[PDB]
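Peer 1: Supplied in structure tokens, the structure appears directly below.
What follows is calculated from the coordinates using simple rules that are stated; it is not laboratory data. Every residue, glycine among them, receives a Cβ derived from its backbone with ideal geometry; neighbour counts consider all protein chains shown.
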Amino acid sequence: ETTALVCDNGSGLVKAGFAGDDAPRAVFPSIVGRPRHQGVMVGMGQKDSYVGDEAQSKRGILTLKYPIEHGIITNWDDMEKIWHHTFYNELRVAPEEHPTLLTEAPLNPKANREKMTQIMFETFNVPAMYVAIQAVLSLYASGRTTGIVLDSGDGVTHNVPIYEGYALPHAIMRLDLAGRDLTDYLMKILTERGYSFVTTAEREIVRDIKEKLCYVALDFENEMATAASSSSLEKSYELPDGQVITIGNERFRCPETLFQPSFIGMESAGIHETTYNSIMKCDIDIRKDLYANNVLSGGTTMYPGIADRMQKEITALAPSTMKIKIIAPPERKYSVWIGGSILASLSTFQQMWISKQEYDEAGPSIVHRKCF
Amino acid sequence: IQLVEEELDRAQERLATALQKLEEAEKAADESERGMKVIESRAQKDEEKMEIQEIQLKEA
Amino acid sequence: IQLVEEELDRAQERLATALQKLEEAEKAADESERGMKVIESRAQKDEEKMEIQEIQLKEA
């Protein structure tokens, strides 16, 4: 059978590999570096485009750009570079031999779904392809046809009620606030403590810090009080040039913005609130199988202690005769990619692919007839 | 010479050993997580069954 | 001397980096282990309670 490349379009990490395997085989940063100055390398070759880990090692001399900003492809040129690198550098295979599965947000722009369909088929010459909602794949990785997924990426958070494998198009909710924003916010609040960070390279350390040291508090006022009353809510981090910095209440404050969007000046409601409001758009006999399967997904959900917080919050908004229970997969950061690996290796799914012939007949439009 | 050489060599012996130990620590983390995955999936299946039973019992 | 010294210095830097990554993998392993232990304790409790209910359900 044809080996399908599953490529998760994560906004701060690419996750890529082959279908039928239990885990991604390449996990690298979504970063394209291009030179700030030319002349840097003399006696050695210069290139102008570095991608992923190659770019990461050269960060000092590169201008980093993100291909995907807030789950939205913002530059077609940087999306292409990521792709060129995925196939030829990272997996070292011809894409033209391998069908492609691409991941997307709910309500991912149609003009974008098309430019993605077109770019894959004309330049890479893919034999077949498909595009699928991130949360639907994470639900298949959770072994379920039906449930509501809180998917919080490295850039967007969605609440996605799904039923018999279809995401409910009137009931889904979105929040632009997650891992990308979270770094920029963390950096702000550290400047406020007097650990000013103004350089973007230092920003990436702040990113790493965030992933390692942030934790979801179970009670925001009680932990805040604890940090005000004692310095036991602080963890040290040694910067790689030396210099020991102390990260305080910023640890739980940073992700606190997910529950209270007003802290960054939004009119948006919180991730627990949009969970509750999303299920309340659904019919009562499916509210049962939706509430019974509240699933966490994506990189932002890997902060410890999140389940007890989300269990709390949802039981407080929701009536005490729906079964409330948080499902947190063992490696929830990958559950989109794992769900794509499952879906692309089902014998029933092989009828669904966009073929090169259907693209030649209808142009990039074909995704809006084959994908749902 | 000899001291700088002996110090290097042991430093490499030590590095080699630290990489071996890193792979071992990595393996063990994987064995723990897998086990952790198996218990977790058994806990969850029992829970879903339990809640259906608390309800079946209330319903009955 | 110098060449050997430059090789030793490189060897030392590599050893430090491996030891930090190793300490991290140990910590992550310790954490999987903790995670696992709470999960096992829940698993037991959900099972007993699902079983306890199986008796009560039969009775109703």
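Peer 1: Looking only at A:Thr257, A:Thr321, A:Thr123, which one moves most when chain A is put into a Gaussian network model with springs between Cα atoms under 10 Å?
Peer 2: Maximum among the listed residues: A:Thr321.
Peer 1: Could you work out how much longer the chain between A:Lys235 and A:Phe263 gets when fully extended? Use 0.36 nm per residue separation minus the Cα distance between them, nm to one decimal.
Peer 2: Numbers: separation 28, 0.36 × 28 = 10.08 nm, distance 2.33 nm.
Working it through step by step, the gained length comes to 7.7 nm.
Peer 1: OK, next. Quick check for you: which residues of region A:23-45 have the amide N under 18 Å from the point 7 Å beyond the Cα of C:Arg14 toward its beta carbon?
Peer 2: Under cut-off, by backbone N: nothing.
Peer 1: Measuring from label point to label point, each 7 Å out along Cα→Cβ, what is the B:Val4 to B:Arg42 span in nm?
Peer 2: Each label point is offset 7 Å from its Cα along the Cβ direction, giving 5.9 nm.
Peer 1: What nm distance separates the two modelled labels at A:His37 and A:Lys188, each placed 7 Å from Cα along Cα→Cβ?
Peer 2: Calculated label separation equals 3.3 nm.
Peer 1: Sequence-distant or interchain residues sharing an amide H contact under 5 Å with A:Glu69, placed H: which?
Peer 2: Here the answer is A:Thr74, since their amide H atoms fall under 5 Å of that of A:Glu69.
Peer 1: Work out from phi, with θ = phi - 60° and the Karplus expression 6.51 cos²θ - 1.76 cosθ + 1.60, the ³J(HN,Hα) of each residue of region A:45-60, listed in order in whole Hz, and give x for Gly and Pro.
Peer 2: Per-residue couplings from phi come out as x, 9, 10, 9, 9, 10, 10, x, 5, 4, 5, 4, 4, 9, 3, x Hz.
Peer 1: Holding the Cα-Cα limit at 26 Å, pick out from A:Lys210/A:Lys333; A:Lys325/C:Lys49; B:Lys27/C:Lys49 the pairs that are longer than that. List each step's numbers first, then the result.
Peer 2: Details: A:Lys210/A:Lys333 15 Å; A:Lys325/C:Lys49 16 Å; B:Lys27/C:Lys49 35 Å.
As for pairs spanning more than 26 Å Cα to Cα, those are B:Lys27/C:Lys49.
Peer 1: Next up: Suppose every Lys and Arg Cβ carries +1 and every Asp and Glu Cβ carries -1, with no other charges. What dipole size does region A:155-239 come out with about its Cα centre, to the nearest 20 debye?
Peer 2: On the way: 9 positive and 14 negative charges, 32 e Å.
Magnitude of the dipole: close to 160 debye.
Peer 1: Further, regarding this structure: Amide H of A:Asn294: which non-local residues (sequence gap of 5 or more, or other chain) have their own amide H closer than 5 Å, using H built in the peptide plane?
Peer 2: Counting only residues 5 or more places away or on other chains, the set is A:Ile148, A:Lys325, A:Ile327.
Peer 1: Check which residues have an amide H placed less than 5 Å from A:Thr63's amide H, if you skip close sequence neighbours.
Peer 2: Result for A:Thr63 returns A:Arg34, A:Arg36.
Peer 1: Arrange the peptides A:290-300, C:17-27 so that the one whose residues have, on average, the most other Cβ atoms within 10 Å appears first.
Peer 2: Working: A:290-300: 24.7, C:17-27: 14.8.
Answer by packing, highest mean first, reads A:290-300, C:17-27.
Peer 1: Here is a follow-up. Which residue fluctuates the most in chain A, going by a Gaussian network model with Cα springs under 10 Å, if the choices are A:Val336, A:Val160, A:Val244?
Peer 2: With Cα springs under 10 Å in chain A, the top fluctuation among A:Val336, A:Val160, A:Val244 is at A:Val244.
Peer 1: Read phi for every residue in region A:306-311 and hand back ³J(HN,Hα) as whole Hz from Karplus 6.51 cos²θ - 1.76 cosθ + 1.60, θ = phi - 60°, with x for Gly and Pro.
Peer 2: 5, 4, 5, 4, 5, 4
Peer 1: What is the diffusion coefficient of region A:212-354 in µm²/s, taking the Kirkwood radius over Cα pairs and the Stokes-Einstein relation at 25 °C with a viscosity of 0.890 mPa s?
Peer 2: Details: Rh = 18.0 Å.
D = 136 µm²/s.
Peer 1: While we're here: May I ask you to list the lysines whose Cα is less than 18 Å away from that of A:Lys110, ignoring any residue fewer than eight positions away on the same chain?
Peer 2: A:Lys370
Peer 1: Within region A:228-243, name every residue whose backbone N is under 12 Å away from a label modeled 7 Å from Cα of A:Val198 along the Cβ vector.
Peer 2: Inside the label zone: nothing.
Peer 1: Can you tell which of A:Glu238, A:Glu192, A:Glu211 shows the greatest fluctuation in a Gaussian network model of chain A with Cα springs below 10 Å?
Peer 2: Top of the fluctuation ranking is A:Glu238.
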